[PDB]
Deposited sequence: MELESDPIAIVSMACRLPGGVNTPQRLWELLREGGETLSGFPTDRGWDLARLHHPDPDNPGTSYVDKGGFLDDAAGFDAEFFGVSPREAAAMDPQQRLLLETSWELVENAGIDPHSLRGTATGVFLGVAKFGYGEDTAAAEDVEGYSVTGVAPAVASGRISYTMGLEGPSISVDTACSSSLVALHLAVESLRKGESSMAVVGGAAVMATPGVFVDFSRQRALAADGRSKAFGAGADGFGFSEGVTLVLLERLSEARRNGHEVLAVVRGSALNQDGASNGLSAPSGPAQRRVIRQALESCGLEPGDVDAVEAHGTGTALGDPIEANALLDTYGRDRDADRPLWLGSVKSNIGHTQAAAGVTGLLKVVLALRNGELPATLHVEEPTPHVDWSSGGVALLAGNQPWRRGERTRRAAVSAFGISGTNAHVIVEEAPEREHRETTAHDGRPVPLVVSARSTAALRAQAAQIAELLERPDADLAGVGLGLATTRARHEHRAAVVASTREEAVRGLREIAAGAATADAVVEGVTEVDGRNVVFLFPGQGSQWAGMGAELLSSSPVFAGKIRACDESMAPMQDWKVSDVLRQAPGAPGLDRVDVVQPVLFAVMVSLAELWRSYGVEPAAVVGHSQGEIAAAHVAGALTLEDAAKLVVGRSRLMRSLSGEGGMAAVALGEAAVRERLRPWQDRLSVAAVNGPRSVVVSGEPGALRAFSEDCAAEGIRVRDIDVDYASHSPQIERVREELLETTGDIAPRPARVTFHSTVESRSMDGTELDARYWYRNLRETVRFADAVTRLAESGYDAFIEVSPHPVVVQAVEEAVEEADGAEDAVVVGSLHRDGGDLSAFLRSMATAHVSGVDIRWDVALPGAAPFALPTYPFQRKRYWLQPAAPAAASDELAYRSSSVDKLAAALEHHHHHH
């Protein structure tokens, strides 16, 4: 067995529009062909290129061949490559960047997740003369055509760290690569491998050279094992497979298309010419392939041959099959023989791995396609004698009792031979609907995002299969790029409706969020506001749709039970008998629970705060979330404090003033029954606190002068001298709370610095209660020191504006996110998912798979490349 290697993904660019393994299966299955005239768009002097006489120098006797449809197109911004470098790059490299991205995308892996891993690269490639003719301080022009860079550049671009090797063994290049990668894998030197070949003809060089030799079919058809075998027909290809040991695919959960069971390489040495095949040599590689995995010939159902259609090489190839595979035999199980080159020509370095594509595609589509141009088999072989049988039609090849196996052989003109044995993979709607599902798309440009939304738009309306799978597939399975957009939708018509809006550049729409970011992650600050953000709705829908949130609400009710007789879930529910949100000593606990429970919900989706900050009593919640306070000590505090506030009802009062701290401070000098400056929240937002009669007189006092003062709905003057008289009951009710080390940076709005959780004494909480809360300064200092994403953890965003203000004016922060979490006519799961989208799109990562337990990833289309023509004269 030993640890057998899986084919985990595939990708191609082949002649005729075949830019997808699916499109190649459709070609094989309709039994079609992709020959076409020489390309009109590569600069070739087509008038002078053609001449019927082989011996005529400098010309080709064939004007048919297999060519890629737009070999010059390339998305260069996508690959961080400039217009000039692109121009200088061989198409072989450009198509490999595209193909290898497709290939990983195809295997259901976010490409970015291979960054830094021992992923390796093994390629067949050679120069065709793209460099040559027309004469770079960056040396784009040596690096753009070097075969060694074709490997390298895939690694550099994708961040891979395994071996990257380019191999030239001619028309076996890609099977040799496969063989090297298995070993690399077999021995742990590579964890996955990208394996293949590229061949894109820059010049008609190969046509002219081989016309000299009379080596080309006149038709341009590669008639494998047919009576007309005429010569080669050359084609272009860029084909790739992704390999991983079977054990490792399972453990990561990657779908396995097939299994490389074994393979062999050899050389046929002293043949009848450097040029010519060797039948003994072929018999030998075949036999050594079978033995290297423990198989006997009988175990193999089909061979996808080298089959070039060369008058001399087909008989040699077939007889060698007849001498190995054909020896034993049920006269009712012959070895099925065909070749891709009949469909799509000879793709040179991409030849052998293209052999694989067909094989793996036959495996998974349960049948063997026909080979073409075989109305009559070549007369130089005994066919109906011995057991090798051309695939004149397509045959069933279905999962049954008998294991399915088939082999690929490839044999270059330098004489190095490969033969790989492929085996079917071992054998293989888990709940869904109702419920919100986030759809996030991204792309490296505006045009790409619009396209990316539109192809997902059209996927979802294919009623086939649906909502959360596309959701999960989008989240765990595509890279997250700079341009992001997100739809929260619970119904597929809803979703396409909003992807369309995105595709259409028509921006807005309610549950549709768009954004742009250059960080792929940030330093997150959770901000816990004071009272003011409460609504009678608050946590209801959440309690019934979210186990994590009801989790904490339930824990809080548990911690608070000895301190009161009403319970938060009951107030959140508005049950008959619910205390109502009028009395501070109900509000402040309820809010603590809510704020603290949301913080929890955020952490569910992997958002961990690097710091917290809190406004007034909000610091208690902040403090519990950094973990400086157990839930019981937090509750003790929040309840002790507010029960007192409720005793002080009528004794004092508070107001917001549309003015700066200093102006307010000159204004308050005639008083002391009202040295407020309770709170400073921004330049035009300052709270003032003290005896009613000095407040009324001071506030009225600037209705003259037209300075805005709004009164805050509160029955007491906190952060003022009118607080001094509850100090003892407080330090009493609440001493020997036991504060601990903070897991998270706690920046205090009272002390105006980071505070070890150990300093969060009962005396500190008194100070909180007693002193001006320095809210704008806190936020400002945090933005000065690098923090990037400011998230208000409340029922309604009361401090967002204040945050946008403090960030705005602070050195270097025109790249920062401020977000709330719930609003008044919009608390509930999808509202919250909307906040997270809003945070996501400006750079904060969320683990969306939490919103989708049970869901299974839908296979998605690949990146929407935004191509431009690159090509030199």
Stretches of deposited sequence not represented by any CA atom are 1-3, 139-141, 435-438, 884-915
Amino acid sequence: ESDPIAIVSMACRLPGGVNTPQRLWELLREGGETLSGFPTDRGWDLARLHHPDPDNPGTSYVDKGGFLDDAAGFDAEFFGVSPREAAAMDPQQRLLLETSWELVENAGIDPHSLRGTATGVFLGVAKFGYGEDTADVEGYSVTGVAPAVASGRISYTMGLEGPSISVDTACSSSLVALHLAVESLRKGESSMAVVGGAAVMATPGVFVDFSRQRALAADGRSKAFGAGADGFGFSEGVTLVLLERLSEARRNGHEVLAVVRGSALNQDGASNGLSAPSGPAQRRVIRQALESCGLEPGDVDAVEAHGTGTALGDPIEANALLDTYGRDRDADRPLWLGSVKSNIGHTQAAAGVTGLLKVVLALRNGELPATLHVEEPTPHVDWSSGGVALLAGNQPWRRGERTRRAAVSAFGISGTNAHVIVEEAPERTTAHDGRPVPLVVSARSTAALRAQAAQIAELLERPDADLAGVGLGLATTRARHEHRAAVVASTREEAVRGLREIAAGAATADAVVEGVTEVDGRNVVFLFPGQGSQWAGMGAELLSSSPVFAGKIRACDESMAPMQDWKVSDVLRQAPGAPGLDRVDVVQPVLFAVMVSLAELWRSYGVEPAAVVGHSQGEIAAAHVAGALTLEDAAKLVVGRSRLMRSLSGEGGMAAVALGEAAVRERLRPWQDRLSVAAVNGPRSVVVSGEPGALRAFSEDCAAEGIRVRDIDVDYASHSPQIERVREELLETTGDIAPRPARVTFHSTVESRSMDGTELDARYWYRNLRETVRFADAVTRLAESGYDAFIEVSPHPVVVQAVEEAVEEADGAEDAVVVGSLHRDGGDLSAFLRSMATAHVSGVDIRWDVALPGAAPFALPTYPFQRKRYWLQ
From here on, numbers count along this sequence of modelled residues.
Is the mean CA B factor in the deposited entry higher across 334-342 or across 487-495? 487-495
Which has the higher mean CA temperature factor in the PDB entry, 161-169 or 529-537? 529-537
Tell me, please, which of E26, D70, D63, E33 has the highest C-alpha B factor according to the deposited entry? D70
From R763, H112, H432, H747, pick the one with the largest CA B-factor in the entry? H432
Compare the C-alpha B factor of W671 with those of the other modelled residues in its chain, then answer lowest, middle or highest third. highest
Lowest, middle or highest third: which one holds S235 when the chain's residues are ordered by CA B-factor from the entry? lowest
How does the C-alpha B factor of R462 compare with the rest of the chain: lowest, middle or highest third? highest
Can you tell me whether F225 has a C-alpha B-factor in the lowest, middle or highest third compared with the other modelled residues of the same chain? middle
When the deposited Cα B-factors of this chain's modelled residues are ordered and cut into thirds, is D811 in the lowest, the middle or the highest one? highest
